[PDB]
Amino acid sequence: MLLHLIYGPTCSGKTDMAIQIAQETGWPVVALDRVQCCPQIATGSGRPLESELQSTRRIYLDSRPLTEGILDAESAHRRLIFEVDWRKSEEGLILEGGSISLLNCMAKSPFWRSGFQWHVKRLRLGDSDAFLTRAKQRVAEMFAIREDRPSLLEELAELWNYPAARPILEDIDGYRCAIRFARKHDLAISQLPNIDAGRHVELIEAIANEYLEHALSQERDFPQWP
Ligand SMILES: Nc1ncnc2c1ncn2[C@@H]1O[C@H](COP(=O)(O)O)[C@@H](O)[C@H]1O
Ligand SMILES: CC(C)=CCSP(=O)(O)OP(=O)(O)O
Ligand SMILES: [Zn+2]
Ligand SMILES: [Zn+2]
Numbered sequence: 001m002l003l004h005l006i007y008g009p010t011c012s013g014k015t016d017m018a019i020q021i022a023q024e025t026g027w028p029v030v031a032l033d034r035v036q037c038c039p040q041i042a043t044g045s046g047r048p049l050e051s052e053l054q055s056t057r058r059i060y061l062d063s064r065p066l067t068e069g070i071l072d073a074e075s076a077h078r079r080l081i082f083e084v085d086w087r088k089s090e091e092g093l094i095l096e097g098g099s100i101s102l103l104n105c106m107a108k109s110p111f112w113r114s115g116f117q118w119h120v121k122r123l124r125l126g127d128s129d130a131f132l133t134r135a136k137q138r139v140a141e142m143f144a145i146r147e148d149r150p151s152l153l154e155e156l157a158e159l160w161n162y163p164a165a166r167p168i169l170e171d172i173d174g175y176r177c178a179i180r181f182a183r184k185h186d187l188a189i190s191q192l193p194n195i196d197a198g199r200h201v202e203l204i205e206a207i208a209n210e211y212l213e214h215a216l217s218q219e220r221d222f223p224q225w226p
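Oh and the sequence shown: position 35 is 35 in the authors' numbering, straight run, nothing missing.
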C-alpha cells in the first residue's frame with residue numbers, strides 16, 4: 001500500500017492538508033501524535049474539530065485518560081505498526097503529525113523500510129514572524145468559547161482538579177505556558193477563563209511564543225526522512 005507521510009512543526013497546516021488528501025482519496029488519516037491521544041486535552045493538543053474533518057476519518061493511536069500519562073513513544077510506535085498492518089489490503093493511508101519521538105521511532109524501525117510506496121511531505125517554519133502570526137490565530141481558536149468543545153482554558157481548569165493531572169499538564173505545551181502564566185500573575189487556574197481584556201492578549205502571545213520554541217526544537221530533532 002501507499003503511505004502518504006506528512007510531518008513538520010506545530011501550526012504548519014499539516015492537518016488541513018491531510019483532511020484535503022483524505023477527502024480526495026477516501027483514505028483515513030492516522031495521527032502521528034501522542035499527546036492527541038488524550039481527548040480530555042483535545043483542543044489544546046490540536047485535535048481538529050468534528051466540523052473540520054468534513055466526514056473524513058482521523059485515527060488516534062490510543063484513547064486515554066490524561067492521568068495515565070501521555071502515551072510513551074515506543075507504545076505509540078507499536079500501535080502505529082498495528083493500525084497500518086491490519087489495513088494491509090486497502091490502497092493507501094495518510095500518516096500525519098508532529099511527534100518528535102514518534103517520527104524518530106519510525107525512522108529507526110525496520111517496519112517502514114520495505115513493502116510500501118511512500119509520498120513524503122515535510123513542512124517547515126520559515127519566517128519566525130509569520131510563524132507567530134499563524135500561531136496567535138490558532139491559539140485564539142483554541143481559546144474560543146464554543147457550543148461543542150471546551151476551550152484549552154476550560155480543559156485546563158477541568159483537569160486542575162485532579163492533583164495527578166497537574167504534573168502532566170506542566171509538561172505539555174500551551175498548558176505549561178498557561179500554568180506558568182497563572183503563577184506569574186498570582187491567578188488561580190480556575191480564573192484563567194475570565195482573564196480580562198488584554199491579559200488575554202499577553203497569554204495568547206506567550207503560548208504562541210512557546211509554540212515557537214517547540215517548532216524550533218522540532219526542526220532540530222526531527223529525523224531527516226529518506
Ligand atoms: N499535540 C501536542 N500538543 C501539545 N504539546 C505537544 C504535542 N505534541 C508534543 N507536545 C510536546 O512535546 C513533548 C512530546 O514529545 P513528542 O511527542 O516527541 O513531540 C510533549 O511532552 C509536549 O510537551
Ligand atoms: C500545539 C502543539 C505544540 C502541537 C499541536 S499542533 P499540530 O502539529 O497539530 O498542527 P498542524 O496540523 O501542523 O496545524
Ligand atoms: Zn494537526
Ligand atoms: Zn515543546
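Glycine included, every Cβ here is placed at the ideal spot set by N, Cα and C.
Could you check the C-alpha separation between residue i and residue j for me, to the nearest Å?
i: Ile204; j: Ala140; result: 7 Å
i: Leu93; j: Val29; result: 6 Å
i: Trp27; j: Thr56; result: 8 Å
i: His200; j: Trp112; result: 44 Å
i: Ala164; j: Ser114; result: 42 Å
i: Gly174; j: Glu90; result: 37 Å
i: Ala144; j: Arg58; result: 23 Å
i: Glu147; j: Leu159; result: 19 Å
i: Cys11; j: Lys88; result: 31 Å
i: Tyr60; j: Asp127; result: 31 Å
i: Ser63; j: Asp33; result: 12 Å
i: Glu219; j: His119; result: 20 Å
i: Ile81; j: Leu2; result: 14 Å
i: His214; j: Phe181; result: 17 Å
i: residue 238; j: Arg79; result: The shown model of the chain, from 1 to 226, leaves out residue 238, and the question about it has no answer.
i: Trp86; j: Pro193; result: 43 Å
Taking only three categories from DSSP, how would you classify residue i?
i: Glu90; result: coil
i: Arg146; result: coil
i: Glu74; result: helix
i: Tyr7; result: strand
i: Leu2; result: strand
i: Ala188; result: coil
i: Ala157; result: helix
i: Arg180; result: helix
i: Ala42; result: coil
Evaluate residue i with the Cβ neighbour count: other Cβ atoms within 10 Å of its Cβ, from every protein chain shown; 16 or more gives buried, anything less gives exposed.
i: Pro65; result: exposed
i: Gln54; result: exposed
i: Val84; result: buried
i: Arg183; result: exposed
i: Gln191; result: exposed
i: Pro226; result: exposed
i: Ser99; result: buried
i: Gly198; result: exposed
i: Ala188; result: exposed
Next item on the list: Pull every residue with its beta-carbon under 6 Å away from any heavy atom of ligand 3, and keep them in chain order.
Entry: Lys14, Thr15, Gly46
Note to self: Please enumerate, following chain order, all residues with a beta carbon closer than 5 Å to at least one heavy atom belonging to ligand 4.
What the structure shows: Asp173, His214
Item checked: Start-end ranges of the beta strand (DSSP E) lying completely within the stretch 77-139, minimum 3 residues -> 92-97, 117-122
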